[PDB]
file work_8.txt (compact mmCIF, N, CA and C atoms)
# COMPACT_ATOMS: atom_id res chain seq x y z
N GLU J 158 72.75 163.47 -107.24
CA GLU J 158 73.38 164.60 -107.92
C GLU J 158 73.04 164.62 -109.41
N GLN J 159 72.43 163.56 -109.92
CA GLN J 159 72.16 163.47 -111.35
C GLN J 159 70.80 164.04 -111.72
N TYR J 160 70.03 164.52 -110.74
CA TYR J 160 68.77 165.17 -111.05
C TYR J 160 68.97 166.63 -111.43
N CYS J 161 70.08 167.22 -111.00
CA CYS J 161 70.31 168.64 -111.16
C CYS J 161 71.41 168.96 -112.15
N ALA J 162 72.30 168.01 -112.43
CA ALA J 162 73.28 168.14 -113.50
C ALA J 162 72.57 168.20 -114.84
N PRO J 163 73.03 169.05 -115.76
CA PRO J 163 72.26 169.30 -116.98
C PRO J 163 72.33 168.18 -118.00
N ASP J 164 71.45 168.26 -119.01
CA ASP J 164 71.38 167.33 -120.14
C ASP J 164 71.14 165.89 -119.69
N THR J 165 69.99 165.67 -119.05
CA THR J 165 69.58 164.33 -118.65
C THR J 165 68.06 164.24 -118.67
N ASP J 166 67.55 163.06 -119.02
CA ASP J 166 66.12 162.79 -118.93
C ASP J 166 65.78 162.39 -117.50
N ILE J 167 64.59 162.80 -117.04
CA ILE J 167 64.22 162.59 -115.64
C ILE J 167 63.84 161.13 -115.40
N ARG J 168 63.21 160.50 -116.39
CA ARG J 168 62.69 159.15 -116.21
C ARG J 168 63.79 158.10 -116.32
N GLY J 169 64.95 158.50 -116.84
CA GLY J 169 66.05 157.55 -116.94
C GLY J 169 66.82 157.43 -115.65
N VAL J 170 66.68 158.43 -114.78
CA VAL J 170 67.38 158.40 -113.50
C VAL J 170 66.42 158.01 -112.38
N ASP J 171 65.11 158.09 -112.65
CA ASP J 171 64.13 157.54 -111.71
C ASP J 171 64.14 156.02 -111.71
N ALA J 172 64.70 155.41 -112.76
CA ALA J 172 64.81 153.96 -112.79
C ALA J 172 66.12 153.48 -112.17
N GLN J 173 67.02 154.41 -111.85
CA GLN J 173 68.22 154.04 -111.12
C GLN J 173 67.95 153.97 -109.63
N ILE J 174 66.78 154.45 -109.20
CA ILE J 174 66.38 154.26 -107.81
C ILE J 174 65.78 152.88 -107.61
N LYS J 175 64.95 152.44 -108.57
CA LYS J 175 64.32 151.13 -108.48
C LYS J 175 65.36 150.01 -108.57
N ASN J 176 66.47 150.27 -109.25
CA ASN J 176 67.63 149.40 -109.15
C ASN J 176 68.24 149.47 -107.76
N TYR J 177 68.42 150.69 -107.24
CA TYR J 177 69.10 150.86 -105.95
C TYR J 177 68.22 150.42 -104.79
N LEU J 178 66.90 150.61 -104.91
CA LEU J 178 66.01 150.31 -103.80
C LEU J 178 65.78 148.82 -103.64
N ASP J 179 66.18 148.02 -104.63
CA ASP J 179 66.05 146.57 -104.50
C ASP J 179 67.40 145.92 -104.28
N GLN J 180 68.48 146.65 -104.52
CA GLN J 180 69.80 146.21 -104.11
C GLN J 180 70.11 146.53 -102.65
N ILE J 181 69.13 147.04 -101.90
CA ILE J 181 69.39 147.41 -100.51
C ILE J 181 68.72 146.41 -99.57
N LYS J 182 67.80 145.60 -100.09
CA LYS J 182 67.31 144.45 -99.36
C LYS J 182 67.81 143.13 -99.94
N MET J 183 68.58 143.18 -101.03
CA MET J 183 69.30 141.99 -101.47
C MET J 183 70.65 141.89 -100.78
N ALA J 184 70.99 142.88 -99.96
CA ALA J 184 72.13 142.82 -99.06
C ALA J 184 71.71 142.91 -97.60
N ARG J 185 70.41 142.94 -97.33
CA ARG J 185 69.92 142.94 -95.96
C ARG J 185 69.21 141.62 -95.65
N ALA J 186 68.92 140.84 -96.69
CA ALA J 186 68.47 139.47 -96.51
C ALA J 186 69.60 138.48 -96.77
N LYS J 187 70.76 138.97 -97.19
CA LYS J 187 71.93 138.12 -97.32
C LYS J 187 72.75 138.10 -96.04
N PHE J 188 72.67 139.16 -95.23
CA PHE J 188 73.25 139.12 -93.90
C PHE J 188 72.19 139.00 -92.81
N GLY J 189 70.93 138.84 -93.17
CA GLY J 189 69.88 138.68 -92.19
C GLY J 189 69.36 137.26 -92.16
N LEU J 190 70.02 136.39 -92.92
CA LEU J 190 69.74 134.96 -92.91
C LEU J 190 70.96 134.14 -92.52
N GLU J 191 72.13 134.51 -93.02
CA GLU J 191 73.36 133.81 -92.67
C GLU J 191 73.82 134.20 -91.27
N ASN J 192 73.29 135.30 -90.73
CA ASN J 192 73.49 135.69 -89.34
C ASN J 192 72.31 135.28 -88.47
N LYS J 193 71.27 134.70 -89.06
CA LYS J 193 70.08 134.38 -88.29
C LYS J 193 70.31 133.15 -87.43
N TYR J 194 70.59 132.03 -88.06
CA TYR J 194 70.75 130.78 -87.32
C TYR J 194 71.97 129.96 -87.73
N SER J 195 72.49 130.11 -88.94
CA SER J 195 73.65 129.34 -89.36
C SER J 195 74.92 129.80 -88.65
N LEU J 196 74.92 131.03 -88.14
CA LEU J 196 76.04 131.47 -87.31
C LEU J 196 75.63 131.66 -85.86
N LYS J 197 74.36 131.42 -85.54
CA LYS J 197 73.92 131.45 -84.15
C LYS J 197 74.21 130.11 -83.47
N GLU J 198 73.88 129.01 -84.16
CA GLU J 198 74.01 127.69 -83.57
C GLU J 198 75.44 127.16 -83.70
N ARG J 199 76.26 127.83 -84.51
CA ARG J 199 77.70 127.57 -84.48
C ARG J 199 78.33 128.17 -83.23
N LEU J 200 77.64 129.12 -82.61
CA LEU J 200 78.13 129.71 -81.37
C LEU J 200 77.31 129.21 -80.18
N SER J 201 76.29 128.39 -80.43
CA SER J 201 75.51 127.85 -79.32
C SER J 201 76.24 126.68 -78.66
N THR J 202 76.55 125.64 -79.44
CA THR J 202 77.19 124.46 -78.88
C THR J 202 78.66 124.70 -78.59
N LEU J 203 79.30 125.58 -79.35
CA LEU J 203 80.74 125.76 -79.23
C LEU J 203 81.10 126.58 -77.99
N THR J 204 80.13 127.29 -77.41
CA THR J 204 80.42 128.01 -76.18
C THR J 204 80.07 127.16 -74.96
N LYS J 205 79.31 126.08 -75.17
CA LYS J 205 79.08 125.10 -74.12
C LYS J 205 80.26 124.14 -74.02
N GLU J 206 80.81 123.76 -75.17
CA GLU J 206 81.91 122.81 -75.21
C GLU J 206 83.24 123.48 -74.87
N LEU J 207 83.26 124.82 -74.86
CA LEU J 207 84.42 125.52 -74.31
C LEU J 207 84.37 125.53 -72.79
N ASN J 208 83.17 125.66 -72.23
CA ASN J 208 83.02 125.75 -70.78
C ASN J 208 83.28 124.41 -70.11
N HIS J 209 82.90 123.31 -70.77
CA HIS J 209 83.06 121.98 -70.20
C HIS J 209 84.54 121.61 -70.09
N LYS R 99 64.50 204.52 -128.09
CA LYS R 99 64.99 203.20 -127.73
C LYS R 99 63.83 202.26 -127.43
N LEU R 100 62.70 202.81 -127.04
CA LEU R 100 61.50 202.04 -126.77
C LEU R 100 60.67 201.81 -128.02
N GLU R 101 61.06 202.42 -129.14
CA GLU R 101 60.33 202.27 -130.40
C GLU R 101 60.31 200.83 -130.87
N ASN R 102 61.46 200.15 -130.84
CA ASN R 102 61.45 198.79 -131.35
C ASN R 102 60.95 197.79 -130.31
N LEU R 103 61.69 197.61 -129.21
CA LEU R 103 61.46 196.59 -128.18
C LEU R 103 61.21 195.21 -128.80
N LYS R 104 62.05 194.87 -129.79
CA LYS R 104 61.86 193.69 -130.62
C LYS R 104 62.93 192.64 -130.45
N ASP R 105 64.20 193.00 -130.60
CA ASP R 105 65.31 192.08 -130.40
C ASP R 105 65.78 192.06 -128.96
N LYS R 106 65.03 192.67 -128.06
CA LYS R 106 65.29 192.62 -126.63
C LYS R 106 64.30 191.73 -125.91
N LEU R 107 63.23 191.32 -126.58
CA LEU R 107 62.22 190.42 -126.06
C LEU R 107 62.59 188.93 -126.07
N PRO R 108 63.15 188.32 -127.15
CA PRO R 108 63.41 186.88 -127.08
C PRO R 108 64.59 186.47 -126.22
N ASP R 109 65.36 187.42 -125.68
CA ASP R 109 66.41 187.05 -124.74
C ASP R 109 65.89 187.07 -123.31
N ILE R 110 64.62 187.44 -123.13
CA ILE R 110 63.98 187.24 -121.84
C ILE R 110 63.05 186.04 -121.92
N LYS R 111 62.64 185.65 -123.12
CA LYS R 111 61.92 184.39 -123.28
C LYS R 111 62.86 183.21 -123.08
N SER R 112 64.16 183.43 -123.28
CA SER R 112 65.14 182.36 -123.12
C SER R 112 65.44 182.09 -121.65
N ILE R 113 65.72 183.14 -120.88
CA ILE R 113 66.12 182.96 -119.49
C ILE R 113 64.91 182.64 -118.61
N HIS R 114 63.70 182.84 -119.13
CA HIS R 114 62.51 182.49 -118.36
C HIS R 114 62.13 181.03 -118.60
N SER R 115 62.54 180.47 -119.73
CA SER R 115 62.20 179.08 -120.03
C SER R 115 63.20 178.12 -119.40
N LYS R 116 64.40 178.61 -119.08
CA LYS R 116 65.36 177.79 -118.35
C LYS R 116 65.02 177.74 -116.87
N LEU R 117 64.41 178.81 -116.36
CA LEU R 117 64.04 178.84 -114.95
C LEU R 117 62.84 177.95 -114.67
N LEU R 118 61.92 177.86 -115.63
CA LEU R 118 60.79 176.94 -115.47
C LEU R 118 61.23 175.50 -115.68
N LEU R 119 62.41 175.31 -116.28
CA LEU R 119 62.98 173.97 -116.41
C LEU R 119 63.66 173.54 -115.12
N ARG R 120 64.37 174.48 -114.49
CA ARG R 120 65.11 174.18 -113.26
C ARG R 120 64.16 174.00 -112.08
N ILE R 121 62.95 174.55 -112.18
CA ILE R 121 61.93 174.33 -111.16
C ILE R 121 61.41 172.90 -111.23
N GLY R 122 61.16 172.42 -112.44
CA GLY R 122 60.57 171.10 -112.60
C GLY R 122 61.54 169.97 -112.34
N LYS R 123 62.84 170.25 -112.45
CA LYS R 123 63.85 169.26 -112.07
C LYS R 123 63.87 169.07 -110.56
N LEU R 124 63.97 170.16 -109.81
CA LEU R 124 64.11 170.06 -108.36
C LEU R 124 62.78 169.77 -107.69
N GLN R 125 61.68 169.88 -108.44
CA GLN R 125 60.40 169.38 -107.95
C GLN R 125 60.31 167.87 -108.15
N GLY R 126 61.22 167.32 -108.95
CA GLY R 126 61.24 165.88 -109.14
C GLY R 126 62.21 165.18 -108.21
N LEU R 127 63.20 165.92 -107.71
CA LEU R 127 64.08 165.38 -106.67
C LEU R 127 63.36 165.29 -105.34
N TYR R 128 62.39 166.17 -105.09
CA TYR R 128 61.61 166.08 -103.86
C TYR R 128 60.44 165.12 -104.01
N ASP R 129 60.39 164.36 -105.10
CA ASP R 129 59.38 163.32 -105.24
C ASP R 129 59.98 161.93 -105.35
N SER R 130 61.30 161.83 -105.47
CA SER R 130 61.95 160.54 -105.37
C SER R 130 62.60 160.33 -104.01
N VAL R 131 62.90 161.42 -103.30
CA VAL R 131 63.26 161.31 -101.89
C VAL R 131 62.06 160.86 -101.07
N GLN R 132 60.85 161.25 -101.48
CA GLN R 132 59.66 160.82 -100.76
C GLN R 132 59.24 159.41 -101.16
N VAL R 133 59.96 158.78 -102.09
CA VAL R 133 59.81 157.36 -102.36
C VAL R 133 60.75 156.54 -101.49
N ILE R 134 61.97 157.04 -101.27
CA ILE R 134 62.93 156.39 -100.39
C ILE R 134 62.42 156.38 -98.95
N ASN R 135 61.72 157.44 -98.55
CA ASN R 135 61.21 157.50 -97.18
C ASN R 135 59.89 156.74 -97.03
N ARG R 136 59.38 156.17 -98.12
CA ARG R 136 58.21 155.30 -98.00
C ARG R 136 58.64 153.84 -97.95
N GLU R 137 59.85 153.55 -98.43
CA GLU R 137 60.34 152.18 -98.39
C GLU R 137 61.04 151.88 -97.08
N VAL R 138 61.82 152.84 -96.58
CA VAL R 138 62.58 152.64 -95.34
C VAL R 138 61.64 152.57 -94.15
N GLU R 139 60.50 153.26 -94.25
CA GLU R 139 59.46 153.15 -93.23
C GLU R 139 58.81 151.78 -93.25
N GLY R 140 58.48 151.28 -94.45
CA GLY R 140 57.78 150.01 -94.54
C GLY R 140 58.69 148.82 -94.30
N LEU R 141 59.96 148.94 -94.67
CA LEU R 141 60.91 147.85 -94.47
C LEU R 141 61.28 147.68 -93.00
N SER R 142 61.43 148.78 -92.27
CA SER R 142 61.73 148.71 -90.85
C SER R 142 60.49 148.51 -89.99
N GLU R 143 59.34 148.22 -90.59
CA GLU R 143 58.20 147.73 -89.84
C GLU R 143 58.51 146.31 -89.38
N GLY R 144 58.92 145.47 -90.32
CA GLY R 144 59.26 144.09 -90.03
C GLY R 144 58.75 143.12 -91.08
N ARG R 145 58.08 143.65 -92.10
CA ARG R 145 57.36 142.84 -93.08
C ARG R 145 58.04 142.98 -94.43
N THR R 146 58.87 142.01 -94.78
CA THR R 146 59.57 141.98 -96.06
C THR R 146 59.09 140.78 -96.86
N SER R 147 59.18 140.89 -98.18
CA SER R 147 58.87 139.77 -99.07
C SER R 147 59.61 140.01 -100.38
call {"tool": "encode", "arguments": {"input": "work_8.txt", "output": "structure tokens"}}
result
Amino acid sequence: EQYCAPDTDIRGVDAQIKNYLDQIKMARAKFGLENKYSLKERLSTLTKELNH
Amino acid sequence: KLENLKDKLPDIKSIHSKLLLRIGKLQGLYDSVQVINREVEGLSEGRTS
């Protein structure tokens, strides 16, 4: 909405995308690693030891 | 009334220069949306670094 609202420079809001476009994989590699194996193998052995 | 046509000319130079400004703004919104659609395509390929 800040591209069309008046009294703004175009290049100052084009740099708010490069901030936003790198904050979207700094939250997709923070839940794509702690959900990868550190919470997979906590559910691997614990579902075997529940069955036994 | 057509003799002068002098102080009626720069008020059309004003509204024509704002319209060429509003064109270049919304031509820039359709060039940063096409940056978001180049990242989401490449990221959902599977290759991140």
call {"tool": "residues_around", "arguments": {"input": "work_8.txt", "residues": "stretch 124-131 of chain R", "least_positions_apart": "3", "cutoff": "8 Å", "atoms": "only N, CA and C atoms", "output": "PDB file with N, CA and C atoms, in the coordinates of the input"}}
result
ATOM      1  N   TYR J 160      70.030 164.520-110.740  1.00  0.00           N
ATOM      2  CA  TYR J 160      68.770 165.170-111.050  1.00  0.00           C
ATOM      3  C   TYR J 160      68.970 166.630-111.430  1.00  0.00           C
ATOM      4  N   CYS J 161      70.080 167.220-111.000  1.00  0.00           N
ATOM      5  CA  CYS J 161      70.310 168.640-111.160  1.00  0.00           C
ATOM      6  C   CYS J 161      71.410 168.960-112.150  1.00  0.00           C
ATOM      7  N   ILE J 167      64.590 162.800-117.040  1.00  0.00           N
ATOM      8  CA  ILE J 167      64.220 162.590-115.640  1.00  0.00           C
ATOM      9  C   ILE J 167      63.840 161.130-115.400  1.00  0.00           C
ATOM     10  N   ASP J 171      65.110 158.090-112.650  1.00  0.00           N
ATOM     11  CA  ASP J 171      64.130 157.540-111.710  1.00  0.00           C
ATOM     12  C   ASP J 171      64.140 156.020-111.710  1.00  0.00           C
TER      13      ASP J 171
ATOM     14  N   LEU R 119      62.410 175.310-116.280  1.00  0.00           N
ATOM     15  CA  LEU R 119      62.980 173.970-116.410  1.00  0.00           C
ATOM     16  C   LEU R 119      63.660 173.540-115.120  1.00  0.00           C
ATOM     17  N   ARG R 120      64.370 174.480-114.490  1.00  0.00           N
ATOM     18  CA  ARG R 120      65.110 174.180-113.260  1.00  0.00           C
ATOM     19  C   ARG R 120      64.160 174.000-112.080  1.00  0.00           C
ATOM     20  N   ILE R 121      62.950 174.550-112.180  1.00  0.00           N
ATOM     21  CA  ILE R 121      61.930 174.330-111.160  1.00  0.00           C
ATOM     22  C   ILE R 121      61.410 172.900-111.230  1.00  0.00           C
ATOM     23  N   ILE R 134      61.970 157.040-101.270  1.00  0.00           N
ATOM     24  CA  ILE R 134      62.930 156.390-100.390  1.00  0.00           C
ATOM     25  C   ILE R 134      62.420 156.380 -98.950  1.00  0.00           C
ATOM     26  N   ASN R 135      61.720 157.440 -98.550  1.00  0.00           N
ATOM     27  CA  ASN R 135      61.210 157.500 -97.180  1.00  0.00           C
ATOM     28  C   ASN R 135      59.890 156.740 -97.030  1.00  0.00           C
ATOM     29  N   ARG R 136      59.380 156.170 -98.120  1.00  0.00           N
ATOM     30  CA  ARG R 136      58.210 155.300 -98.000  1.00  0.00           C
ATOM     31  C   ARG R 136      58.640 153.840 -97.950  1.00  0.00           C
TER      32      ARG R 136
END
call {"tool": "residues_around", "arguments": {"input": "work_8.txt", "residues": "residue R:141", "least_positions_apart": "5", "cutoff": "12 Å", "atoms": "only C-alpha atoms", "output": "PDB file with N, CA and C atoms, in the frame of the given file"}}
result
ATOM      1  N   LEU J 178      66.900 150.610-104.910  1.00  0.00           N
ATOM      2  CA  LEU J 178      66.010 150.310-103.800  1.00  0.00           C
ATOM      3  C   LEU J 178      65.780 148.820-103.640  1.00  0.00           C
ATOM      4  N   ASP J 179      66.180 148.020-104.630  1.00  0.00           N
ATOM      5  CA  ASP J 179      66.050 146.570-104.500  1.00  0.00           C
ATOM      6  C   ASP J 179      67.400 145.920-104.280  1.00  0.00           C
ATOM      7  N   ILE J 181      69.130 147.040-101.900  1.00  0.00           N
ATOM      8  CA  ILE J 181      69.390 147.410-100.510  1.00  0.00           C
ATOM      9  C   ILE J 181      68.720 146.410 -99.570  1.00  0.00           C
ATOM     10  N   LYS J 182      67.800 145.600-100.090  1.00  0.00           N
ATOM     11  CA  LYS J 182      67.310 144.450 -99.360  1.00  0.00           C
ATOM     12  C   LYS J 182      67.810 143.130 -99.940  1.00  0.00           C
ATOM     13  N   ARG J 185      70.410 142.940 -97.330  1.00  0.00           N
ATOM     14  CA  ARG J 185      69.920 142.940 -95.960  1.00  0.00           C
ATOM     15  C   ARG J 185      69.210 141.620 -95.650  1.00  0.00           C
ATOM     16  N   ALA J 186      68.920 140.840 -96.690  1.00  0.00           N
ATOM     17  CA  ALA J 186      68.470 139.470 -96.510  1.00  0.00           C
ATOM     18  C   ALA J 186      69.600 138.480 -96.770  1.00  0.00           C
TER      19      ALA J 186
ATOM     20  N   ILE R 134      61.970 157.040-101.270  1.00  0.00           N
ATOM     21  CA  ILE R 134      62.930 156.390-100.390  1.00  0.00           C
ATOM     22  C   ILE R 134      62.420 156.380 -98.950  1.00  0.00           C
ATOM     23  N   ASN R 135      61.720 157.440 -98.550  1.00  0.00           N
ATOM     24  CA  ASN R 135      61.210 157.500 -97.180  1.00  0.00           C
ATOM     25  C   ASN R 135      59.890 156.740 -97.030  1.00  0.00           C
ATOM     26  N   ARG R 136      59.380 156.170 -98.120  1.00  0.00           N
ATOM     27  CA  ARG R 136      58.210 155.300 -98.000  1.00  0.00           C
ATOM     28  C   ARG R 136      58.640 153.840 -97.950  1.00  0.00           C
ATOM     29  N   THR R 146      58.870 142.010 -94.780  1.00  0.00           N
ATOM     30  CA  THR R 146      59.570 141.980 -96.060  1.00  0.00           C
ATOM     31  C   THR R 146      59.090 140.780 -96.860  1.00  0.00           C
ATOM     32  N   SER R 147      59.180 140.890 -98.180  1.00  0.00           N
ATOM     33  CA  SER R 147      58.870 139.770 -99.070  1.00  0.00           C
ATOM     34  C   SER R 147      59.610 140.010-100.380  1.00  0.00           C
TER      35      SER R 147
END
call {"tool": "select_by_dssp", "arguments": {"input": "work_8.txt", "residues": "chain R", "states": "helix (DSSP H, G or I)", "output": "PyMOL selection string"}}
result
chain R and resi 108-141
